[PDB]
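Scroll down for the structure; my scribbles are underneath it.
Residue numbers (UniProt numbering), protein chains in the order written: chain A, 503 to 535, 540 to 552, 556 to 571, 581 to 589, 593 to 608, 614 to 629, 690 to 702; chain B, 67 to 133; chain C, 3 to 134; chain D, 63 to 93, 105 to 169.
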């Protein structure tokens, strides 16, 4: 004779289904993250992989039109495991490239202060 | 130094004036290194979606070669 | 402002010279007559050792304010010592972002060589199969 | 009997001229200024964080220090009486 156990189990089962959907929604969206710019995507192209990430950014954000919403968790896990295999010597090549990317700008800082 | 004292007033003014900008410049650079890092994460996850379609085009090709 | 023995506002404050603390004369006097000791530290103290609170001597003072030169100098320590910790919040958070950027750009540099080979292999499979 | 401090202090008082401070932060001008802007931002942040602490900090202490000043004042006027009483006695003695 169960009583408030089926309600606890239904809440536990509904809790489990929410844990499966949030994790398998998206790797980049769940982890962490701008104005809409079709002219910036048009100017950057004027090369194909750069245009693919630009349309991916405009889709997730939704002069801005939305459309792309069909591009599930198992295919992303195998995609993440495969790319991890491709990536001491590997640690130094990532530290050197991070220093290169770390290495016009003054107007943005002044406006950031004007907000402050 | 023997340095005039009215001048030492304007030094301490300049040194606080400098440290205020040396603290400011170091914070907007932190926000933009995190901002440019976030642009790399979108391209990282967008690229591994584009590899899935390219693997399908290779899988479709391996089936046609067998026939 | 308070007496440490009773907890009242003492109407005749006398400061001891063994445990530095402002006691009420009438209260501390009875504590000494009970036993020659200071109530807090239990060090020896007599009634002559106790000293009333006095005006310094001949130099005139003014109350503790923000204008006063020494209070203004200790203020500028608070300013800089707080701003020095503000720099740590951005130095420590920079060492996490650049460390995640270094591993991110390495995974980008390790992956984009595999995008270049699949674009070669899937087009080579289309170049091979279509010709046959 | 002091170091360099005494030379510039006595010269400042004799000449009747205070050393000029940083008359810069208040005026400034729109359209080097990228730094001046970033200095302003940080300054404001400090003030605001500091101001916020000060109101709450100030509110907590806005009157706790005023109580200390009343304990400090009453002690002086007790000594005014103790001095008043001795001297009066002396005068009376002389008169007698």
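For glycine and all other residues, C-beta sits at the position ideal for the given N, C-alpha and C.
request  = Look up residue 26/C in the DSSP assignment and say whether it is helix, strand or coil.
outcome  = strand
message = Within a Cβ cutoff of 7 Å, which residues of the same chain sit near residue 67/C, ignoring the five residues on either side of it in sequence?
response = 73
message = Could you pull the DSSP bridge partners for residue 17/C from this structure?
response = 24/C, 53/C
query = Straight-line CA distance for residue 20/C to residue 145/D?
reply = 22 Å
key: Distance, residue 128/C Cα to residue 87/B Cα   = 59 Å
ask   = Any idea if residue 557/A is buried or exposed, counting beta-carbon neighbours within 10 angstroms, 16 or more meaning buried?
value = exposed
query = With burial defined as no fewer than 16 other Cβ atoms inside 10 Å of the residue's Cβ, what is the status of residue 562/A: buried or exposed?
reply = buried
request  = Mind checking which residues open and close the alpha helix (DSSP H) that includes residue 86/D?
outcome  = Note, residue 86/D: premise wrong, no alpha helix (DSSP H); not H, not E.
ask   = Which two residues bound the contiguous alpha helix (DSSP H) that contains residue 1/C?
value = Any property of residue 1/C remains undetermined from this structure, which presents chain C solely from 3 to 134.
ask   = When you compare each of 166/D, 163/D, 152/D, 167/D to residue 15/C by their alpha carbons, which one comes out closest?
value = 152/D
inquiry  = Please report the straight-line C-alpha distance between residue 508/A and residue 516/A, rounded to a whole angstrom.
reply    = 12 Å
Contact set between residue 57/C and chain D, taken where Cβ atoms lie within less than 7 Å = 149, 152
query = Taking any Cβ of chain C, which residues in the segment 101–120 of chain B have a Cβ under 9 Å from it, in chain order?
reply = 102, 103, 106, 107, 109, 110, 113, 114, 116, 117, 120
ask   = Helix, strand or coil: which one does DSSP assign to residue 503/A?
value = coil
query = Any beta-carbon of chain B closer than 7 Å to the one on residue 73/C?
reply = no
ask   = With C-beta atoms as the reference, is residue 606/A less than 7 Å away from residue 114/B?
value = no
ask   = Alpha carbon to alpha carbon, how far is residue 569/A from residue 130/B?
value = 36 Å
Supposed contact pair residue 8/C and residue 52/C - C-beta distance, whole angstroms, cut 8 Å = Rounded, the Cβ-Cβ distance is 16 Å, inconsistent with contact.
ask   = Exposed or buried, residue 5/C, counting other C-beta atoms within 10 Å across all chains shown (16 or more means buried)?
value = buried
request  = For the segment 15–34 of chain C, enumerate the residues whose C-beta is nearer than 8 Å to any C-beta of chain D, in chain order.
outcome  = 15
task = Output yes or no for whether 7 Å exceeds the beta carbon distance between residue 116/B and residue 124/C.
result = no
key: Bounding residues of the alpha helix (DSSP H) (the contiguous stretch that carries residue 165/D)   = 137–168
Alpha carbon of residue 87/D to alpha carbon of residue 78/B, nearest angstrom = 14 Å
ask   = Which chain A residues are close to residue 79/B, counting only those with a beta carbon under 8 Å from its beta carbon?
value = Going along chain A, no residue has its Cβ under 8 Å from residue 79/B, so there is no contact; the nearest lies around 20 Å.
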